[PDB]
Amino acid sequence: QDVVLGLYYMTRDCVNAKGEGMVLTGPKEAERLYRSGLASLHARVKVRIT
Amino acid sequence: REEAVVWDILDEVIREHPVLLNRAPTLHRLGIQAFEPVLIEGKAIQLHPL
Amino acid sequence: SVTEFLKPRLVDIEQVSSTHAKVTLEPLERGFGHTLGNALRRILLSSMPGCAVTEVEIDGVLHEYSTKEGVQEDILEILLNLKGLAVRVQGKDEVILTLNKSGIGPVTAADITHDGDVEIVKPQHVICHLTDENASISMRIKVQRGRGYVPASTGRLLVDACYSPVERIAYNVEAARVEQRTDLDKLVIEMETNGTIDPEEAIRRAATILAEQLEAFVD
Amino acid sequence: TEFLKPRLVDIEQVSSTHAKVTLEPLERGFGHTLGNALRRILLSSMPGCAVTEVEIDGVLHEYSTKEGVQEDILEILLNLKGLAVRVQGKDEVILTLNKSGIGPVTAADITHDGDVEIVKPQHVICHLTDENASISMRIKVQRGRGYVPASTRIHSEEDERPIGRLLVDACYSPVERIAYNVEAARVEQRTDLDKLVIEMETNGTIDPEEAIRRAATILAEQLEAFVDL
Amino acid sequence: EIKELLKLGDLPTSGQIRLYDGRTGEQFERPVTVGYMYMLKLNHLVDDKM
Amino acid sequence: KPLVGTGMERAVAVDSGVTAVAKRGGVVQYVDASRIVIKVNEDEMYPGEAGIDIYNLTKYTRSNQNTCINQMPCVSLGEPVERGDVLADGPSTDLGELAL
């Protein structure tokens, strides 16, 4: 019950959020952004996926 | 005497020895399972969430 | 023993690749694992200094909204890939390099104008692919030295600057024991860098900076 | 690369228990880092001096009661646990508490010593409720750090303490709550220089001018490893 | 009346406060409910059952 | 004490028979955490009786669940009390209000 709440909160998306619309070179960088506080978890972004 | 060396002996014995855990009642076979044990200071049995 | 806190001895370097390692510290006093791990993370991830590309000027294009032909990938993708480039710049604040390429084939980082003072740590870094017989590109790439990861908050084109070489650092604390207590902390630190700086030395630098900030009070 | 180093520019001792201290200048992010690291260190590792054992004249066990006292022996032990004192350059000390007559029994009744200083003399231990009532106890105070319950202590003493020696749980940590607030400072006509202000509520045994320095020393000595690679 | 009483103190009328994680100094996203709940120690302690 | 209650404690703790209750009004004369002696005022004093009412409080005693049920005083020497007032708090009770 608790884990699914965390995943639901992490992958949800908001309309306007901090760090919205930029381009991320890869998932790792995305994590850095969150831990540096420059971006919100629900921000909409384009990341290069493999 | 609970000698400090006896705790090393226990940490060697329990290395790869499974322990069976079962809750009462056990309606289905998934209620009894084997686990690799690890020593804990307290008196409660640490169980996994999943 | 009122001033005799336990000092850990590194169990291993636990290297998994030339970029990332699994530096583990053991053992630490309860509550000291996070106090050190989070501080090291907060230093490395946002305050480490380095040289990175911050501005670009591609030939005859005003903005990445315009997708010039002759290149398989679009200008936005070109900018992100150039952001992915890791550089080692010696003794300058900002530099202007020029990359020029021609012919049917990909563009690789080995083609930049090596000044000799500038070290491109990954010559094999792919830039883009040219898609015509006469397909030729030439661009002026601006590098600058700074600290941290500066976002795009600021014929030039701005790009996010990855001054800090640490691609990713993550740490965990776990239970460790001595002959009489199981409350101590073992700190497993993992870091992956861009390759300009080896991880094992990078943390060596990080604590350094932190230690400096403590100099005025420690006796 | 422009990092500046912090200096304890000012300390405001607003009370005997509550104080503030500002570290300036600090670059970006260091305010959060220093604030939280030093908060954790000060909460966890700060040594203090607390009561460790008690021995009252005519009692046998903590669950008994003394004649002519309003508080049971357990409540007396709890009140003694609340006592906070200073010691000058010693690892342990034994203080005698001699009192008689109707009225309260406050910390002032303890035989004062040149090396022993009480942060709050207005601490009440118990109330005597008879004209001839009197209690004499030999309080033992020890330095240390952290919290050491009495159950752990005796099993580590490895000797049988004599009948009549009661053991209390010592909370050596003299700080109660540490908060840090980060705010900008007008330095060098440039912004993004955080002034870290730490406000601490203590028992009054230690002065922050030494508490913050000891915390920084602990942090640096622990940090020696990561630069020793 | 609960809101009115909270207004008498300097406490927030929302009932929810923002907290900071002690390990990392970060602020939890969105406020959390904090108060004084009356708790009782039930007579089922583990040392009587292990 | 409970911060949020329903006011029923002021009865449940009193009628439980576990707290020492002043049989008559008067002024406290001596307390030693074992025996509280009350100088019951002459308005309710029997003409020939003592005129002074003891209360031997019960100290640590085992209960049916192996718990302690000692009663501790809450009144002060010289404090006036009226018949029905709770003199000594029992287990799980404090200042006459049930507190689990």
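- For this entry, the PDB record names cryo-EM as the structure determination method and reports a resolution of 3.1 Å.

### Focus: the overall build of chain C
Phase 1 of the analysis: If you tally the helices and strands in chain C, you get three helices and 14 strands.
Phase 2 of the analysis: Overall size of chain C, expressed as C-alpha extent along the three principal axes, is 75 × 35 × 35 Å.
Phase 3 of the analysis: As displayed, chain C has an accessible area near 10400 Å², and 46% of this comes from carbon and sulfur atoms.
Phase 4 of the analysis: When the 23 basic and 35 acidic side-chain charges of chain C are each reduced to a single mean position, those positions are 4 Å apart.

### Some details on a negative patch on the surface
Phase 1 of the analysis: Together, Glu42(F), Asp43(F), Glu79(F), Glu82(F) and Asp85(F) line one region of the surface with negative charge.
Phase 2 of the analysis: Along the chain, the position of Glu79(F) falls in the loop between β4 (72-73) and β5 (80-81).

### Points about the interface of chain D and chain F
Phase 1 of the analysis: Taken together, the eleven residues of chain D in the interface contact eleven residues of chain F.
Phase 2 of the analysis: Of the roughly 920 Å² buried between chain D and chain F, counting both surfaces, carbon and sulfur atoms make up 50%.
Phase 3 of the analysis: On the chain D side of the interface with chain F, the three residues burying the most area are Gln70(D), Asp72(D) and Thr129(D), jointly 52% of the side's total.
Phase 4 of the analysis: Class assignment for the residues of the side of chain D that touches chain F results in three nonpolar, four polar and four charged.

### Quick word on the interface of chain C and chain D
Phase 1 of the analysis: Listed as interface residues are 40 residues of chain C and, on the opposing side, 39 residues of chain D.
Phase 2 of the analysis: When the buried surface of chain C facing chain D is broken down by residue, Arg147(C), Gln213(C) and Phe217(C) rank first, second and third, together holding 20% of it.
Phase 3 of the analysis: The tally of links between chain C and chain D comes to three salt bridges.
Phase 4 of the analysis: Notably, a salt bridge pairs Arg213(D) with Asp219(C), separated by 3.5 Å at the nearest N-O pair.
Phase 5 of the analysis: On inspection of chain C and its partner chain D, the count reaches five residue pairs in polar contact.
Phase 6 of the analysis: Put simply, the parts of the chain that give the side of chain C that touches chain D at least two residues each are β2 (24-28), α1 (32-47), β14 (181-193) and α3 (199-213) of chain C.
Phase 7 of the analysis: If you tally residues by element for the side of chain C that touches chain D, the top one is α3(C), at ten residues.
Phase 8 of the analysis: When the residues that make up the side of chain C that touches chain D are grouped by side-chain class, the tally is 24 nonpolar, seven polar and nine charged.

### Notes on the packing of aromatic side chains
Phase 1 of the analysis: Summed over all chains, the structure comprises three aromatic pairs over all chains.
Phase 2 of the analysis: Ring geometry for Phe3(D) against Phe30(D): centres 5.5 Å apart, planes inclined by 15 degrees, an arrangement best described as stacked. With a gap of 27 residues between them, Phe3(D) in the segment before β1 (7-12) and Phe30(D) in helix α1 (residues 30-45) connect regions that are remote in the sequence.
Phase 3 of the analysis: Classification of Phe30(D) as buried rests on a relative accessible area of 2%.
Phase 4 of the analysis: Above the face of the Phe3(D) ring, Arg147(C) is positioned so that its terminal group lies 3.9 Å from the ring centre.
Phase 5 of the analysis: Sitting above the plane of the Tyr46(F) ring, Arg24(F) keeps its charged end 5.4 Å from the centroid.

### Describing the domain arrangement of chain C
Residues and elements named next belong to chain C.
Phase 1 of the analysis: Per the domain assignment, the segments of chain C are domain 1 (2-49 + 164-219) and domain 2 (50-163).
Phase 2 of the analysis: Opposite the ten residues of domain 1 that make contact, domain 2 presents eleven residues.
Phase 3 of the analysis: Here domain 1 packs against domain 2, burying approximately 710 Å² in sum over the two surfaces, 50% of which is carbon and sulfur.
Phase 4 of the analysis: In this assembly, domain 1 and domain 2 are joined by zero salt bridges.
Phase 5 of the analysis: Our count for the contact surface shared by domain 1 and domain 2 stands at four residue pairs in polar contact.
Phase 6 of the analysis: Each residue belonging to the side of domain 1 that touches domain 2 can be placed in one class, and the counts come to four nonpolar, six polar and no charged.

### Description of the environment of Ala176(C)
Residues and elements named next belong to chain C.
Phase 1 of the analysis: Along the chain, the position of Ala 176 falls in strand β13 (residues 166-178).
Phase 2 of the analysis: Considering only alpha carbons, one finds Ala 176 and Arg 205, 29 residues apart in sequence, at a separation of 27 Å.
Phase 3 of the analysis: Ignoring any residue separated from it by four or fewer positions in sequence, one finds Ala 176 in contact with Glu 26, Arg 181, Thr 182, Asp 183, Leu 184, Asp 185 and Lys 186.

### Comments concerning helix α2 (residues 27-36) of chain A
All names here are of chain A.
Phase 1 of the analysis: Along α2, the residues that are buried comprise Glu 29, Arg 32 and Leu 33. In an axial view of α2, the angular spread of the buried residues amounts to 100 degrees, which keeps them on one side of the axis.
Phase 2 of the analysis: At the exit of α2 stands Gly 37, carrying a positive phi of roughly 80 degrees.

### Description of the pattern of salt bridges
Phase 1 of the analysis: Under the definition given, this model contains 35 salt bridges over all chains.
Phase 2 of the analysis: Measuring nitrogen to oxygen at the nearest pair gives 3.9 Å for the salt bridge that ties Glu29(A) to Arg32(A). Here the residue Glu29(A) and the residue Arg32(A) both occupy positions in helix α2, the gap between them amounting to three residues, near one helical turn. Each member of the pair, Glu29(A) as well as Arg32(A), carries the same accessibility label: buried.
Phase 3 of the analysis: A salt bridge links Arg35(A) to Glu31(A), with the nearest nitrogen and oxygen atoms 2.4 Å apart. Residue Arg35(A) and its partner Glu31(A) are located together in helix α2, separated by four residues, close to a single helical turn.
Phase 4 of the analysis: Judged by relative accessible area, which is 30%, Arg35(A) ranks as partly exposed.
Phase 5 of the analysis: Overall, the relative accessible area of 29% leaves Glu31(A) in the partly exposed class.
Phase 6 of the analysis: Through salt bridges that share partners, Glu29(A), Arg32(A), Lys83(C), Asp160(C) and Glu167(C) make up one connected network.

### Remarks on the side chain of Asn38(C)
Phase 1 of the analysis: Looking at the secondary structure, you find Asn38(C) in helix α1.
Phase 2 of the analysis: In this structure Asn38(C) comes out as buried when scored by relative accessible area, which is 7%.
Phase 3 of the analysis: When neighbours within four sequence positions are excluded, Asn38(C) is seen to be in contact with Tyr171(C), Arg23(E) and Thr24(E).

### Overview of a nonpolar patch on the surface
Residues and elements named next belong to chain B.
Phase 1 of the analysis: A contiguous nonpolar surface patch, about 350 Å² in accessible area, is contributed by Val 5, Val 6, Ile 9 and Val 13.
Phase 2 of the analysis: Within the secondary structure layout, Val 13 lies in helix α1 (residues 4-13).
Phase 3 of the analysis: By relative accessible area, which is 55% here, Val 13 ends up exposed.

### What to know about α1(D)
Residue and element names in this part refer to chain D.
Phase 1 of the analysis: In this model α1 runs 21 Å from its N-terminal to its C-terminal C-alpha over 16 residues, within 8% of the 22 Å that 1.5 Å per residue would give.
Phase 2 of the analysis: Taken across its 16 residues, α1 has twelve buried, putting it largely inside the fold.
Phase 3 of the analysis: For α1, the full list of buried residues reads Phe 30, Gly 31, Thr 33, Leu 34, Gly 35, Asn 36, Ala 37, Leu 38, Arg 40, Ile 41, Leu 42 and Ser 45.

Calculation rules
Residues numbered from 1 in each chain as written, not as in the entry; some residues may be left out. Chains lettered and ligands numbered in written order. Part of a larger assembly, values for the part shown. Heavy atoms only, no water. Helix = DSSP H or I, 4+ residues; strand = E, 2+ residues; numbered from the N terminus. Areas by Shrake-Rupley, 256 points an atom, 1.4 Å probe, with all protein chains shown as cover. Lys, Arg positive; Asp, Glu negative; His and termini not counted. Charge placed at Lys NZ, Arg CZ, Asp CG, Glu CD. Patch = residues over 30% accessible without salt bridge, like charges linked within 9 Å, V, L, I, M, F, W, Y side chains within 5 Å. Salt bridge = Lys/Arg side-chain N within 4 Å of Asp/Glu carboxyl O. Contact = heavy atoms within 4.5 Å. Buried area = accessible area lost by both parts, 1.4 Å probe. Nonpolar A, V, L, I, M, F, W, Y, C, P; charged D, E, K, R; others polar. Polar contact = N/O pair within 3.5 Å; in protein donor to acceptor, adjacent residues only side chain to side chain. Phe/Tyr/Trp six-rings, centres within 6.5 Å; stacked < 30°, edge-to-face > 60°. Buried < 20%, exposed > 50% of the residue type's maximum accessible area, 1.4 Å probe, protein only. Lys NZ or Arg CZ within 6 Å of the ring centre and 35° of its normal. Domains from an automatic or database assignment. Arc of directions from axis to C-beta. Expected span 1.5 Å × (residues − 1).

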